[PDB]
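First up is the structure itself, then whatever we jot down about it.
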Amino acid sequence: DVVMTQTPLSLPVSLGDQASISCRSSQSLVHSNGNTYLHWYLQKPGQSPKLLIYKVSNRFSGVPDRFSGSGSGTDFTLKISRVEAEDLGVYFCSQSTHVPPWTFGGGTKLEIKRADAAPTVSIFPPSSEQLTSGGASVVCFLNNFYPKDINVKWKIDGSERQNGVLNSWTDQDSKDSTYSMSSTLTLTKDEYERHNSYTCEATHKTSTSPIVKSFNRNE
Amino acid sequence: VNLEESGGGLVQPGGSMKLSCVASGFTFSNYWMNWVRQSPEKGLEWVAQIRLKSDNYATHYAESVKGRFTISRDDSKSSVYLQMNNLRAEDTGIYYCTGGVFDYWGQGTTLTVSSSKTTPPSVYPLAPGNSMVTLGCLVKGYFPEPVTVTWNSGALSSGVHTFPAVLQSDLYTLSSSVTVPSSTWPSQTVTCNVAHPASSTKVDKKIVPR
(Lines give C-alpha, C1' and ligand atoms only; values in the text may rest on other atoms or scores of the structure.)
Protein backbone atom coordinates (compact mmCIF):
# COMPACT_ATOMS: atom_id res chain seq x y z
CA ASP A 1 0.00 0.00 0.00
CA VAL A 2 1.47 3.33 -1.13
CA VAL A 3 1.15 6.12 1.44
CA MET A 4 0.14 9.58 0.21
CA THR A 5 1.29 12.40 2.50
CA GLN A 6 -0.15 15.89 2.07
CA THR A 7 1.63 18.90 3.56
CA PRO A 8 0.61 20.95 5.31
CA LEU A 9 -2.51 19.82 7.16
CA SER A 10 -3.90 23.37 6.88
CA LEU A 11 -2.96 26.45 4.86
CA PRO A 12 -4.16 30.06 5.18
CA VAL A 13 -4.21 32.25 2.09
CA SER A 14 -5.64 35.65 1.24
CA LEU A 15 -7.87 36.23 -1.76
CA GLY A 16 -6.02 37.10 -4.96
CA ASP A 17 -2.77 35.46 -3.86
CA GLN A 18 -1.57 31.99 -4.84
CA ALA A 19 -1.43 28.75 -2.88
CA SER A 20 0.59 25.54 -3.19
CA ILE A 21 -0.13 22.16 -1.59
CA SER A 22 2.37 19.30 -1.51
CA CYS A 23 1.43 15.64 -1.93
CA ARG A 24 4.14 12.98 -1.66
CA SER A 25 3.99 9.20 -2.03
CA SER A 26 5.92 6.29 -0.58
CA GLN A 27 7.35 5.28 -3.98
CA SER A 28 7.49 6.73 -7.47
CA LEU A 29 4.08 6.14 -9.04
CA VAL A 30 5.39 6.62 -12.60
CA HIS A 31 3.75 3.86 -14.61
CA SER A 32 5.79 2.14 -17.30
CA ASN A 33 3.74 4.26 -19.71
CA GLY A 34 3.43 8.04 -19.45
CA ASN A 35 3.59 9.93 -16.17
CA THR A 36 1.69 9.36 -12.94
CA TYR A 37 -1.82 8.20 -12.16
CA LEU A 38 -1.86 11.16 -9.76
CA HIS A 39 -5.24 12.80 -9.14
CA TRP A 40 -6.21 15.92 -7.18
CA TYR A 41 -9.60 16.45 -5.55
CA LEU A 42 -11.45 19.32 -3.90
CA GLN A 43 -14.08 18.59 -1.25
CA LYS A 44 -16.00 21.74 -0.40
CA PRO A 45 -17.58 21.62 3.08
CA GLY A 46 -20.84 19.69 3.17
CA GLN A 47 -20.19 18.09 -0.23
CA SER A 48 -18.43 15.07 -1.70
CA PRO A 49 -14.93 15.15 -3.20
CA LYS A 50 -14.70 16.34 -6.80
CA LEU A 51 -11.94 15.47 -9.27
CA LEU A 52 -9.98 18.62 -10.12
CA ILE A 53 -6.79 17.37 -11.80
CA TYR A 54 -5.88 13.95 -13.18
CA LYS A 55 -2.54 12.58 -14.40
CA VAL A 56 -0.48 15.26 -12.62
CA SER A 57 -1.54 18.18 -14.82
CA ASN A 58 -4.71 17.46 -16.83
CA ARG A 59 -7.61 19.63 -15.66
CA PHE A 60 -10.95 17.85 -15.44
CA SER A 61 -14.28 18.98 -16.90
CA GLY A 62 -15.23 22.48 -15.83
CA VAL A 63 -12.07 23.15 -13.80
CA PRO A 64 -10.95 26.81 -13.99
CA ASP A 65 -7.56 27.56 -15.49
CA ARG A 66 -6.28 28.81 -12.12
CA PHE A 67 -5.95 25.22 -10.85
CA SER A 68 -2.63 23.75 -12.01
CA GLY A 69 -0.79 20.59 -11.01
CA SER A 70 2.99 20.14 -11.07
CA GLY A 71 5.50 17.63 -9.73
CA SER A 72 7.11 14.40 -10.90
CA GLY A 73 7.91 10.99 -9.44
CA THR A 74 7.24 11.14 -5.70
CA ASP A 75 6.60 14.89 -5.26
CA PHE A 76 3.52 16.62 -6.65
CA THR A 77 2.34 20.21 -6.23
CA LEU A 78 -1.17 21.59 -6.67
CA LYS A 79 -1.25 25.33 -7.33
CA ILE A 80 -4.08 27.88 -7.28
CA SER A 81 -3.52 31.18 -9.09
CA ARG A 82 -5.53 34.07 -7.62
CA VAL A 83 -7.42 32.19 -4.90
CA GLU A 84 -11.20 32.67 -4.78
CA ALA A 85 -13.60 32.23 -1.89
CA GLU A 86 -15.30 29.20 -3.48
CA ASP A 87 -11.88 27.51 -3.50
CA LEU A 88 -11.92 26.83 0.25
CA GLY A 89 -12.29 23.26 1.43
CA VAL A 90 -10.15 20.16 1.86
CA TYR A 91 -7.91 19.20 -1.06
CA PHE A 92 -7.03 15.52 -1.48
CA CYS A 93 -4.68 13.53 -3.69
CA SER A 94 -5.11 9.92 -4.82
CA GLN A 95 -3.04 7.47 -6.84
CA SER A 96 -4.05 4.70 -9.25
CA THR A 97 -0.69 3.25 -10.34
CA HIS A 98 0.21 0.69 -7.65
CA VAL A 99 -3.23 -0.86 -7.16
CA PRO A 100 -4.88 -2.43 -5.33
CA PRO A 101 -5.32 -0.50 -3.24
CA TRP A 102 -6.14 3.02 -4.39
CA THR A 103 -4.90 5.33 -1.63
CA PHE A 104 -5.68 8.96 -0.79
CA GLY A 105 -3.81 11.56 1.22
CA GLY A 106 -4.74 12.96 4.60
CA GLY A 107 -6.07 16.11 2.95
CA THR A 108 -5.04 19.77 3.21
CA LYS A 109 -7.61 22.29 4.42
CA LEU A 110 -7.58 25.55 2.46
CA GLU A 111 -8.57 28.45 4.73
CA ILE A 112 -9.28 31.93 3.38
CA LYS A 113 -7.48 34.56 5.48
CA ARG A 114 -10.12 37.28 5.50
CA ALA A 115 -10.33 40.49 7.49
CA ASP A 116 -11.34 40.33 11.15
CA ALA A 117 -15.06 39.92 11.79
CA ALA A 118 -16.71 40.16 15.19
CA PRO A 119 -19.39 37.58 16.05
CA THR A 120 -23.05 38.49 15.92
CA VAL A 121 -24.31 36.89 19.15
CA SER A 122 -27.90 35.81 19.78
CA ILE A 123 -29.20 34.05 22.90
CA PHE A 124 -32.39 31.99 23.10
CA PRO A 125 -34.23 30.73 26.22
CA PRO A 126 -35.68 27.20 26.23
CA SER A 127 -38.85 26.53 24.28
CA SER A 128 -42.13 25.52 25.90
CA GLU A 129 -42.00 22.18 24.07
CA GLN A 130 -38.68 21.22 25.68
CA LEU A 131 -39.78 22.39 29.14
CA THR A 132 -42.80 20.08 28.90
CA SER A 133 -40.39 17.15 28.50
CA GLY A 134 -38.35 18.24 31.54
CA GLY A 135 -35.40 19.70 29.63
CA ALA A 136 -34.10 23.24 29.33
CA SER A 137 -31.50 24.17 26.71
CA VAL A 138 -30.30 27.76 26.35
CA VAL A 139 -28.85 28.36 22.89
CA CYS A 140 -26.26 30.98 21.95
CA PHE A 141 -25.44 31.60 18.28
CA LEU A 142 -22.12 33.26 17.38
CA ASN A 143 -22.39 33.96 13.66
CA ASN A 144 -20.08 35.31 10.95
CA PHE A 145 -16.76 35.88 12.70
CA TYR A 146 -13.07 35.58 11.81
CA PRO A 147 -10.61 34.25 12.83
CA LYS A 148 -12.02 30.91 14.01
CA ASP A 149 -10.36 31.29 17.43
CA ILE A 150 -13.09 32.16 19.94
CA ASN A 151 -14.04 31.39 23.53
CA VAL A 152 -17.58 31.09 24.89
CA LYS A 153 -18.44 31.36 28.59
CA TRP A 154 -21.81 30.49 30.11
CA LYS A 155 -22.68 32.25 33.37
CA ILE A 156 -25.74 31.48 35.50
CA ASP A 157 -26.71 34.18 38.01
CA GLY A 158 -23.19 35.53 37.63
CA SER A 159 -21.57 32.12 38.17
CA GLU A 160 -19.76 30.31 35.36
CA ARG A 161 -20.96 26.86 34.29
CA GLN A 162 -18.90 24.46 32.18
CA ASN A 163 -20.76 21.11 32.19
CA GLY A 164 -23.87 20.69 30.09
CA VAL A 165 -22.35 22.98 27.45
CA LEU A 166 -22.32 21.71 23.86
CA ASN A 167 -20.30 23.57 21.22
CA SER A 168 -20.40 23.20 17.44
CA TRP A 169 -18.55 25.15 14.74
CA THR A 170 -19.41 25.39 11.08
CA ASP A 171 -16.75 25.27 8.42
CA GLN A 172 -15.74 28.46 6.65
CA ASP A 173 -18.59 29.83 4.53
CA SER A 174 -17.50 30.54 0.96
CA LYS A 175 -20.01 33.39 0.64
CA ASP A 176 -18.17 35.59 3.18
CA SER A 177 -15.16 33.54 4.43
CA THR A 178 -16.44 33.67 8.03
CA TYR A 179 -17.07 30.99 10.64
CA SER A 180 -20.06 30.49 12.90
CA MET A 181 -20.48 28.69 16.21
CA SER A 182 -23.36 27.30 18.24
CA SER A 183 -23.12 27.04 22.03
CA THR A 184 -25.86 25.19 23.90
CA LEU A 185 -26.18 25.08 27.69
CA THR A 186 -28.44 22.11 28.44
CA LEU A 187 -29.98 21.85 31.90
CA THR A 188 -32.83 19.97 33.49
CA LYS A 189 -36.05 21.95 33.83
CA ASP A 190 -35.66 21.61 37.60
CA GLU A 191 -32.34 23.47 37.81
CA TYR A 192 -33.32 26.00 35.13
CA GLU A 193 -36.27 27.33 37.15
CA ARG A 194 -34.07 27.88 40.23
CA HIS A 195 -32.06 30.62 38.47
CA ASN A 196 -32.92 33.88 36.73
CA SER A 197 -30.01 35.27 34.69
CA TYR A 198 -28.39 33.32 31.85
CA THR A 199 -25.47 34.78 29.92
CA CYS A 200 -23.17 33.66 27.12
CA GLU A 201 -19.99 35.68 26.69
CA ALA A 202 -17.85 35.68 23.55
CA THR A 203 -14.15 36.52 23.79
CA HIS A 204 -12.71 37.11 20.33
CA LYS A 205 -9.70 38.83 18.76
CA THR A 206 -11.95 41.62 17.42
CA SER A 207 -12.70 43.08 20.87
CA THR A 208 -10.89 43.64 24.15
CA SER A 209 -14.31 43.37 25.86
CA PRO A 210 -16.41 40.19 25.65
CA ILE A 211 -19.56 40.28 23.57
CA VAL A 212 -22.43 39.63 25.97
CA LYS A 213 -26.03 38.60 25.40
CA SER A 214 -28.25 37.85 28.38
CA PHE A 215 -31.83 37.37 29.51
CA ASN A 216 -33.80 36.85 32.70
CA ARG A 217 -36.46 34.19 33.21
CA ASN A 218 -38.72 37.16 34.03
CA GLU A 219 -39.36 37.75 30.32
CA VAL B 1 -23.00 13.41 -14.37
CA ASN B 2 -24.94 12.30 -11.30
CA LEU B 3 -24.70 9.34 -8.91
CA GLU B 4 -27.37 8.77 -6.25
CA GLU B 5 -26.84 6.35 -3.37
CA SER B 6 -29.59 4.59 -1.44
CA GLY B 7 -29.80 2.49 1.69
CA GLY B 8 -27.66 2.67 4.79
CA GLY B 9 -28.56 3.95 8.21
CA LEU B 10 -28.37 2.28 11.62
CA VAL B 11 -27.06 -1.31 11.73
CA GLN B 12 -26.29 -3.30 14.87
CA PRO B 13 -22.77 -4.80 15.03
CA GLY B 14 -22.65 -8.01 13.02
CA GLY B 15 -25.71 -7.25 10.90
CA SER B 16 -25.97 -6.88 7.14
CA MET B 17 -26.90 -3.98 4.88
CA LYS B 18 -27.22 -3.37 1.14
CA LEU B 19 -26.14 -0.14 -0.56
CA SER B 20 -27.50 0.74 -4.00
CA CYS B 21 -26.36 3.49 -6.36
CA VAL B 22 -28.22 4.65 -9.47
CA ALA B 23 -26.15 6.51 -12.07
CA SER B 24 -26.96 8.94 -14.88
CA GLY B 25 -25.32 11.56 -17.08
CA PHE B 26 -22.91 9.00 -18.56
CA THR B 27 -22.99 5.43 -19.85
CA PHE B 28 -22.98 3.23 -16.73
CA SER B 29 -21.67 0.21 -18.69
CA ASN B 30 -18.30 1.66 -19.81
CA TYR B 31 -16.89 2.80 -16.45
CA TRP B 32 -15.18 1.28 -13.43
CA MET B 33 -17.45 1.67 -10.39
CA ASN B 34 -15.91 2.02 -6.93
CA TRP B 35 -17.22 2.39 -3.39
CA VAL B 36 -15.24 4.81 -1.21
CA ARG B 37 -15.85 5.65 2.45
CA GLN B 38 -14.82 8.52 4.71
CA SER B 39 -14.57 8.81 8.49
CA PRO B 40 -12.62 10.93 11.00
CA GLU B 41 -10.34 8.03 11.96
CA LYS B 42 -9.71 6.61 8.47
CA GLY B 43 -9.97 9.59 6.15
CA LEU B 44 -10.74 8.72 2.54
CA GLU B 45 -10.44 4.95 2.07
CA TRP B 46 -11.04 3.01 -1.13
CA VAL B 47 -13.24 -0.01 -0.40
CA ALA B 48 -14.24 -1.91 -3.55
CA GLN B 49 -14.11 -1.97 -7.35
CA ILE B 50 -15.99 -3.57 -10.24
CA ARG B 51 -15.31 -3.45 -13.97
CA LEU B 52 -17.21 -4.07 -17.22
CA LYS B 53 -18.70 -7.06 -18.99
CA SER B 54 -15.52 -7.08 -21.13
CA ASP B 55 -13.44 -7.49 -17.94
CA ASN B 56 -14.92 -10.76 -16.56
CA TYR B 57 -16.86 -8.57 -14.09
CA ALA B 58 -13.52 -8.24 -12.31
CA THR B 59 -13.56 -7.08 -8.70
CA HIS B 60 -11.11 -5.74 -6.14
CA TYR B 61 -11.48 -5.15 -2.41
CA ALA B 62 -9.57 -3.39 0.33
CA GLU B 63 -7.65 -5.67 2.67
CA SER B 64 -9.93 -4.83 5.62
CA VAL B 65 -13.31 -5.46 3.92
CA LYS B 66 -12.32 -8.51 1.87
CA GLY B 67 -14.47 -11.55 2.58
CA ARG B 68 -17.23 -9.41 4.11
CA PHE B 69 -18.25 -6.94 1.37
CA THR B 70 -19.52 -7.82 -2.11
CA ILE B 71 -19.59 -5.20 -4.86
CA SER B 72 -22.09 -5.83 -7.66
CA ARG B 73 -23.18 -3.92 -10.75
CA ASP B 74 -26.26 -4.06 -12.98
CA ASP B 75 -25.79 -2.43 -16.38
CA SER B 76 -29.50 -2.85 -17.14
CA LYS B 77 -30.58 -0.79 -14.12
CA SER B 78 -27.42 1.38 -14.15
CA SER B 79 -27.00 0.48 -10.48
CA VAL B 80 -24.05 -0.58 -8.33
CA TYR B 81 -24.62 -2.58 -5.16
CA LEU B 82 -22.57 -3.23 -2.03
CA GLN B 83 -23.84 -6.13 0.06
CA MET B 84 -22.05 -5.64 3.38
CA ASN B 85 -22.01 -8.80 5.50
CA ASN B 86 -20.82 -9.08 9.11
CA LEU B 87 -20.63 -5.34 9.68
CA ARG B 88 -18.47 -4.18 12.58
CA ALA B 89 -18.20 -0.78 14.26
CA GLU B 90 -15.07 0.01 12.22
CA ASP B 91 -17.20 0.18 9.05
CA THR B 92 -19.10 3.26 10.28
CA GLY B 93 -18.68 6.14 7.86
CA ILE B 94 -19.89 8.00 4.79
CA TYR B 95 -19.91 5.73 1.73
CA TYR B 96 -19.48 7.38 -1.68
CA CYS B 97 -20.55 5.62 -4.86
CA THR B 98 -17.99 6.57 -7.50
CA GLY B 99 -17.27 6.02 -11.18
CA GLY B 100 -13.79 5.79 -12.55
CA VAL B 101 -10.83 6.33 -10.24
CA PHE B 102 -12.14 8.65 -9.25
CA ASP B 103 -13.79 10.71 -11.98
CA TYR B 104 -17.32 11.04 -10.59
CA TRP B 105 -18.66 11.05 -7.03
CA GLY B 106 -22.15 10.67 -5.64
CA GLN B 107 -23.54 12.58 -2.70
CA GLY B 108 -22.75 9.76 -0.26
CA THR B 109 -24.86 7.81 2.22
CA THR B 110 -24.20 7.46 5.95
CA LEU B 111 -23.76 4.06 7.63
CA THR B 112 -23.63 3.83 11.43
CA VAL B 113 -22.69 0.47 12.96
CA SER B 114 -24.08 0.67 16.51
CA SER B 115 -26.46 -1.43 18.60
CA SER B 116 -28.63 1.40 19.90
CA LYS B 117 -32.11 2.01 18.50
CA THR B 118 -33.30 4.46 15.86
CA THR B 119 -34.90 7.50 17.49
CA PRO B 120 -36.70 10.34 15.68
CA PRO B 121 -35.66 13.91 16.52
CA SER B 122 -37.30 16.50 18.73
CA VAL B 123 -37.41 19.92 17.06
CA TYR B 124 -37.61 22.93 19.37
CA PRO B 125 -38.31 26.46 18.10
CA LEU B 126 -35.78 29.16 19.00
CA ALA B 127 -37.48 32.55 19.03
CA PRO B 128 -35.99 35.79 20.42
CA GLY B 129 -37.04 36.31 24.02
CA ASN B 130 -31.37 45.40 15.12
CA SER B 131 -32.25 45.53 11.42
CA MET B 132 -31.81 41.74 11.22
CA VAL B 133 -33.45 39.12 13.43
CA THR B 134 -31.98 35.66 13.97
CA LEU B 135 -34.19 32.61 14.50
CA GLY B 136 -33.27 29.02 15.24
CA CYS B 137 -34.22 25.39 15.60
CA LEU B 138 -32.80 22.94 18.12
CA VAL B 139 -32.79 19.25 17.15
CA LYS B 140 -32.19 16.91 20.09
CA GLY B 141 -32.39 13.24 20.96
CA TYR B 142 -32.23 11.48 17.59
CA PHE B 143 -30.17 8.59 16.27
CA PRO B 144 -28.44 7.94 14.02
CA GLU B 145 -27.04 10.55 11.62
CA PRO B 146 -27.83 12.44 9.48
CA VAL B 147 -30.63 14.98 9.65
CA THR B 148 -31.03 17.69 7.03
CA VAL B 149 -32.27 21.17 7.96
CA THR B 150 -33.94 23.57 5.54
CA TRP B 151 -35.82 26.82 6.11
CA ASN B 152 -39.14 27.54 4.39
CA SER B 153 -38.66 24.35 2.36
CA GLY B 154 -35.33 25.67 1.09
CA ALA B 155 -36.63 29.12 0.12
CA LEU B 156 -34.36 30.69 2.76
CA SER B 157 -30.70 29.74 2.39
CA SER B 158 -28.61 32.91 2.18
CA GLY B 159 -28.74 33.63 5.91
CA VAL B 160 -28.72 30.05 7.21
CA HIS B 161 -26.13 28.42 9.47
CA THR B 162 -26.49 24.70 10.19
CA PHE B 163 -24.14 23.24 12.68
CA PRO B 164 -22.71 19.71 12.78
CA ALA B 165 -24.37 17.27 15.15
CA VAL B 166 -22.58 16.29 18.36
CA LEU B 167 -23.19 12.92 20.01
CA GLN B 168 -23.77 12.82 23.78
CA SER B 169 -25.74 10.76 26.30
CA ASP B 170 -28.76 12.65 24.90
CA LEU B 171 -28.10 11.02 21.49
CA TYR B 172 -27.41 13.55 18.72
CA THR B 173 -27.86 17.30 19.06
CA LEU B 174 -27.56 19.92 16.34
CA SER B 175 -28.86 23.41 15.74
CA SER B 176 -29.67 25.68 12.83
CA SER B 177 -30.04 29.46 12.66
CA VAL B 178 -31.57 31.73 10.04
CA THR B 179 -31.23 35.52 9.85
CA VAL B 180 -33.87 37.62 8.09
CA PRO B 181 -34.76 41.33 8.08
CA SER B 182 -36.63 42.05 11.31
CA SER B 183 -39.45 43.86 9.50
CA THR B 184 -40.35 40.56 7.77
CA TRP B 185 -40.82 38.42 10.89
CA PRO B 186 -43.31 37.33 12.04
CA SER B 187 -45.36 38.89 9.22
CA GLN B 188 -43.71 36.53 6.71
CA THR B 189 -43.53 33.13 8.38
CA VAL B 190 -40.23 31.35 9.01
CA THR B 191 -40.26 27.57 9.33
CA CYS B 192 -37.46 25.06 9.80
CA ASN B 193 -37.81 21.65 8.16
CA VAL B 194 -35.97 18.78 9.83
CA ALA B 195 -35.77 15.51 7.87
CA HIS B 196 -34.49 12.33 9.55
CA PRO B 197 -34.56 9.56 6.91
CA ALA B 198 -33.31 6.86 9.30
CA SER B 199 -36.59 7.14 11.25
CA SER B 200 -38.79 7.95 8.20
CA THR B 201 -39.68 11.21 9.97
CA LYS B 202 -39.85 14.86 8.98
CA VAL B 203 -40.73 17.75 11.29
CA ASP B 204 -41.67 21.29 10.25
CA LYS B 205 -41.49 23.91 12.99
CA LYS B 206 -42.86 27.39 12.33
CA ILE B 207 -40.99 29.88 14.51
CA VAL B 208 -43.59 32.08 16.23
CA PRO B 209 -43.03 34.94 18.71
CA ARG B 210 -42.78 34.19 22.41
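Note on naming: letters A, B, ... go to the chains in the order of the sequence lines (proteins, then strands), and numbering restarts at 1 for each one. As a basis for the values below, the full set of heavy atoms in this structure was taken, side chains included, without hydrogen atoms, waters or symmetry mates.
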Side chain, backbone, both or neither of [X] within contact of chain B (heavy atoms, under 4.5 Å):
X      : value
A:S180 : both
A:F141 : side chain
A:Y54  : neither
A:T103 : neither
A:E219 : side chain
A:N167 : backbone
A:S133 : side chain

Check: [Y] main-chain N/O paired with [X] side-chain donor or acceptor under 3.5 Å:
X      : Y      : value
B:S175 : A:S182 : no
B:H161 : A:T170 : no
A:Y41  : B:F102 : yes
B:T134 : A:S122 : no

Quick check on [X] against chain A: is it the side chain, the backbone, both or neither that has a heavy atom closer than 4.5 Å?
X      : result
B:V36  : side chain
B:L174 : neither
B:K42  : neither
B:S177 : both
B:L138 : side chain
B:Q49  : side chain
B:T98  : neither

Open item on the list: For B:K140 and A:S137: C-alpha separation, side-chain torsions, deciding distance, then whether side chain to side chain contact (heavy atoms under 4.5 Å, CB included) applies.
Closed with: CA-CA 10 Å; B:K140 292 189 65 65; A:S137 284; 3.9 Å; yes
- [ ] Apply ring-ring contact (aromatic ring centres under 6.0 Å, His included) to A:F124 and B:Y124, showing your working.
- [x] CA-CA 11 Å; A:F124 299 86; B:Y124 297 134; over 10 Å; no
- [ ] Kindly assign one of parallel, tilted or perpendicular to the pair A:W102 and B:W32, based on the angle between their ring planes and the thresholds 30° and 60°.
- [x]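 Geometry flag for B:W32 against A:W102: perpendicular rings.
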Task: Between CG on residue B:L126 and CD on residue A:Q130, distance to nearest 0.5 Å - done: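 So the CG of B:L126 and the CD of A:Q130 are separated by 9.0 Å.
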- [ ] First locate atom CD of A:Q43, then atom OH of B:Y96, and finally report the distance between them rounded to the nearest 0.5 Å.
- [x]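 Those atoms lie 4.5 Å apart.
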Task: Close side-chain approach of B:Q107 and A:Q47, heavy atoms under 4.5 Å - done: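 Not in contact.
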TODO: For the residue pair A:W169 and B:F163, establish whether any side-chain heavy-atom pair is separated by less than 4.5 Å.
DONE: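 No, their side chains stay 4.5 Å or more apart.
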TODO: Specify which of B:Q168, B:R210, B:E45 makes the most heavy-atom pairs with chain A at under 4.5 Å.
DONE: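 Greatest number of close heavy-atom pairs with chain A: B:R210.
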- [ ] Could you tell me which of B:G43, B:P125, B:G129, B:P128 has the largest number of non-hydrogen atom pairs under 4.5 Å with chain A?
- [x]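 Most heavy-atom pairs within the cutoff with chain A belong to B:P125.
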